[PDB]
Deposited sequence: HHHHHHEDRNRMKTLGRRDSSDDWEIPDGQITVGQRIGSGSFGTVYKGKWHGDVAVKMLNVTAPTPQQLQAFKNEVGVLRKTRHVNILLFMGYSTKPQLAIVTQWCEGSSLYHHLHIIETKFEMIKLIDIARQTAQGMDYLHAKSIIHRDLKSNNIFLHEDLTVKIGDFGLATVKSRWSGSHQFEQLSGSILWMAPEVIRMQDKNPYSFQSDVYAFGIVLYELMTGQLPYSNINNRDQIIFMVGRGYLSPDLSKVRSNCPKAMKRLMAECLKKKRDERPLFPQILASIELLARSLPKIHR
C-alpha cells in the first residue's frame, strides 16, 4: 500500500520540534504539512519493514481529533508527513505562555480529547504516550491528538513520567500498557487543564517521583483544582487517576460523563 511520497516533492522548511525519536519540521507538500524525520541512520530491510507495519497502523485513522496522516518517505530519510495545524500544543498554552481558558473551553478541550481517544480505542490502538505535548489546538480550537505512531519501533531502536500510571512506571510486566493506562494519562491531562499546572511541582527528585507513584505513595493533589471546576469533573478526574488499573473507566464512559456536564 502506497502512501509513499517520492523525494523531491517535499520541501523541508523550518524546524519545530527535536527529540531522540525524530525531528519535526514545517514543510510543503500540497500545502502546509508537518514532516517528522526519524533519527534512524541506516535502516535495514527489516527495520524498513517494521516501519511500514507501524505506518500500516497509522493508516487506520481518519478522525477530526486525530492529527491527519498524509504520507511517508523512505529515502533519503525515514519520515512521517502529517497535516499542518496552525496553533500550539496544550502544554505550551498551559505551562509556557499560561493561556487563560474560560471553564467552558477547558471542558471542550477535554471533550474533544476524549473523543479522539475513544476513536483510537475503537480501532484497538493504544497511544502509550498521551501527554499535553501531543494534544494540539487548531486555530478553530479543534484538538488534534498526535505522536501515537511507532509505539513498537520507538521501544526497540523519558519526559512522560508525569503521565505514566503506576504499572507503566514500574516496568514489572513486559507490556504494561493498556487502554486504562491511556486513561490514566488522560486524567493527568485533566489535572493540567483544571489546576493550570503540572503534578508534583514541590518534589524535585525524578528518581523519587518514579519510586513513589510507582508504589502508590504519591498521587496528584486534587485539592489544587480551580474552585469553579464542576464537581462531576473533579470526580471524573479522580476516577481516571485510580492507582489500580482495573478501576479506571474506559473512554465511552468518560465521554458521556463530560458531555452531560457540558450542559450545566
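Where the model has no C-alpha, note the corresponding stretch of the deposited sequence, numbering from 1. No coordinates exist for the deposited residues in 1-21, 179-187, 295-300, so these stretches are absent from the model.
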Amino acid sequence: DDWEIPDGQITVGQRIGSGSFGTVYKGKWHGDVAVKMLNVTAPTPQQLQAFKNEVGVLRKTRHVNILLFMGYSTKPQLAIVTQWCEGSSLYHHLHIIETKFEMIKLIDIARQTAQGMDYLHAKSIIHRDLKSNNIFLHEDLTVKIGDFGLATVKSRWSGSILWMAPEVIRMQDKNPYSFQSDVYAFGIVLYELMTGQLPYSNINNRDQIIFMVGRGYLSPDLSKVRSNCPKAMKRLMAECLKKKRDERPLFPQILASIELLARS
From here on, numbers count along this sequence of modelled residues.
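Rigid core (definition): largest C-alpha set, two forms, superposition within 1.5 Å.
On a core superposition, give the stretch, 144-152 or 107-115, with the larger average C-alpha separation from this form in 4 other deposited structures of this protein (RMS over structures and residues). Of 144-152 and 107-115, the stretch deviating more in 4 other deposited structures of this protein is 144-152.
Farther-lying stretch by C-alpha RMS in 4 other deposited structures of this protein, rigid core as reference, of 37-45 and 208-216: Taking the RMS over all superposed structures in 4 other deposited structures of this protein, 37-45 lies farther out.
Coordinates for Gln253 lacking in at least a third of the other PDB entries compared? Comparison shows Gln253 kept in all of the other entries.
Among the other compared PDB entries, is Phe21 dropped in a third or more? Looking at the other entries that model residues on either side of it, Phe21 is missing from at least a third.
Take the C-alpha B-factors listed in the entry for 254-262 and for 4-12, compute each mean, and give the stretch with the larger one. Mean C-alpha B-factor is greater for 254-262.
On mean Cα temperature factor in this entry, is 16-24 or 244-252 the higher one? Higher mean C-alpha B-factor in the PDB entry: 16-24.
Identity of residue with top Cα B-factor, from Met212, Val33, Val57, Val64: It is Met212.
Out of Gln180, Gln172, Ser89, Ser73, residue topping the C-alpha B-factor column of the entry: By C-alpha B-factor in the record, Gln172 ranks first.
Where does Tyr200 sit by CA temperature factor within its chain: lowest, middle or highest third? It belongs to the middle third of the chain when residues are ordered by C-alpha B-factor.
Based on the entry's values, in what third of the chain does the Cα temperature factor of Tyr119 lie: lowest, middle or highest? According to the entry, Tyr119 has a C-alpha B-factor in the chain's lowest third.
Going by what the PDB entry lists, where does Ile109 fall on CA B-factor within its chain: lowest, middle or highest third? For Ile109, whose C-alpha B-factor we compare with every modelled residue in the chain, the answer is the lowest third.
Using the B-factor values recorded in the entry, state whether the Cα atom of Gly149 falls in the lowest, middle or highest third among the modelled residues of its chain. For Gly149, whose C-alpha B-factor we compare with every modelled residue in the chain, the answer is the middle third.
Just say lowest, middle or highest third for the CA B-factor of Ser132 relative to the other modelled residues in its chain. Lowest third of the chain for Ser132's C-alpha B-factor.
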